[PDB]
């Protein structure tokens, strides 16, 4: 019944993507600030169920972009070998802060709520390409904040 989520940033309990074992997988990451390639080495980390780094996707070529950006992952590790099927965490690091020596952070399952959809009649949040149930949301706040 509540549509006030629209325009807010949402944090969800979804931090992974299912890889079926064979088909390439699509995902969206939300960048709160404009990506600056001169600040550190910005990159996506794909991790398996035991937090082992399976693939790094460099973000330097996406300099100047912000908000939702769409990506693909073939399901290969750095060697090029197809990984076991399962749930894979996708996070990112970008814009290394000169003073604090820390990167800004984003991940799959967070970002601006762009629309609310009633699926006869359960409510759902459109967050880029992800469509998630309301119950999955664990925090809301306005853009440029927290």
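Numbering follows the first chain given and starts at 1.
K.L.:
Could you settle it for me: does 22-30 or 117-125 have the higher average Cα B factor in the PDB entry?
P.N.:
Taking the mean B-factor of the alpha carbons in each, 117-125 is higher.
K.L.:
Per the record, averaged over C-alpha atoms, which has the higher B-factor: 94-102 or 81-89?
P.N.:
Between 81-89 and 94-102, it is 94-102.
K.L.:
Give the position of residue 130 by CA B-factor within its chain, expressed as the lowest, middle or highest third.
P.N.:
Highest third.
K.L.:
What third of its chain's C-alpha B-factors does residue 61 belong to: lowest, middle or highest?
P.N.:
Highest third.
K.L.:
Lowest, middle or highest third: which one holds residue 36 when the chain's residues are ordered by CA B-factor from the entry?
P.N.:
It falls in the top third of the chain.
K.L.:
Check where residue 142 lands among this chain's C-alpha B-factors and tell me if it's the lowest, middle or highest third.
P.N.:
For residue 142, the deposited C-alpha B-factor lands in the middle third.
K.L.:
What third of its chain's C-alpha B-factors does residue 70 belong to: lowest, middle or highest?
P.N.:
Its C-alpha B-factor belongs to the middle third of this chain's values.
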